[PDB]
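Below: the structure, in structure tokens.
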Amino acid sequence: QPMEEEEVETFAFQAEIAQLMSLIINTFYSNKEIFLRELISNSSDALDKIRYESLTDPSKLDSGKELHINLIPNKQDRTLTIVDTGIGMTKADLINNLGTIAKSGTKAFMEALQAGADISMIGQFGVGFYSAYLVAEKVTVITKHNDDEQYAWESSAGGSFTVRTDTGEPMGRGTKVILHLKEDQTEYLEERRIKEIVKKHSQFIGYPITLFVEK
Ligand SMILES: [Mg+2]
């Protein structure tokens with residue numbers, strides 16, 4: 001019962017990343033559904049990583065042999081969670097890859113959108129993760145890499161994100177991306193819609209994907 005103390009670190013998003021996030025949140029786009037494709041691709045890439053590292057060193061699957069993606073809608077807390085057993089991210093990975101370091105493509109993507117590009121283009125510009133903000137007012141990333149502890153990344157945009165040691169449910173190895181869906185984006189909690197968009201845009205993923213439906 002004694003009071004637990006948890007360390008938090010707050011970080012500023014690189015300037016253009018912040019500008020991109022604002023643009024994603026504040027402009028209307030049709031075709032927002034592609035966000036799911038982006039997150040499954042990231043999971044896919046992370047699963048490739050672990051599969052390859054494990055040929056080199058089999059003891060990298062100690063933290064779990066199965067390589068897969070799970071989708072978990074929750075109509076009670078209005079969240080959609082994408083879980084993989086890929087490589088995971090170290091603390092430095094989260095800080096460096098998800099927000100503090102400039103991406104080569106950001107500027108090109110913002111011009112391309114200002115010119116009328118379909119939001120679907122985001123993948124090609126190396127900034128696909130931020131498509132989460134088409135549908136989510138807040139995103140939490142839980143992650144565990146073999147070389148590090150479990151950490152939580154979180155941002156409601158607005159220019160900052162935080163990183164902290166995670167003291168929730170141990171994950172083993174991989175990444176859990178939790179989308180707190182905006183009020184008007186709850187269609188992404190529907191099993192038909194999720195099935196629909198996986199079939200359309202994510203049908204050549206090289207790992208099994210399971211959808212967990214409550215009831
Ligand atoms: Mg990506």
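In each ligand, atom 1 is the first atom listed, and ligand 1 is the first ligand listed. Positions are given from 1, in the same order as the sequence printed here.
- Side-chain contact check for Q14 and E16: at least one donor-acceptor pair (N or O, by modelled atom type) lies under 3.5 Å.
- In this view, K103 satisfies the salt bridge (charged side-chain N to carboxylate O under 4.0 Å, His left out) rule with no residue, not counting sequence neighbours.
- Applying the side chain to side chain contact (heavy atoms under 4.5 Å, CB included) test to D118 and every residue at least two apart in sequence or in another chain returns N31, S120.
- A heavy-atom distance below 4.5 Å is found between the side chains of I119 and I34.
- With sequence neighbours excluded, no residue forms a salt bridge (charged side-chain N to carboxylate O under 4.0 Å, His left out) with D148.
- Relative ring orientation between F13 and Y130 is described as perpendicular, the plane-to-plane angle rising above 60° on a 0-90° scale split at 30° and 60°.
- Atoms of the protein (N, O or S only) found under 2.8 Å from the Mg ion (ligand 1) are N42 OD1.
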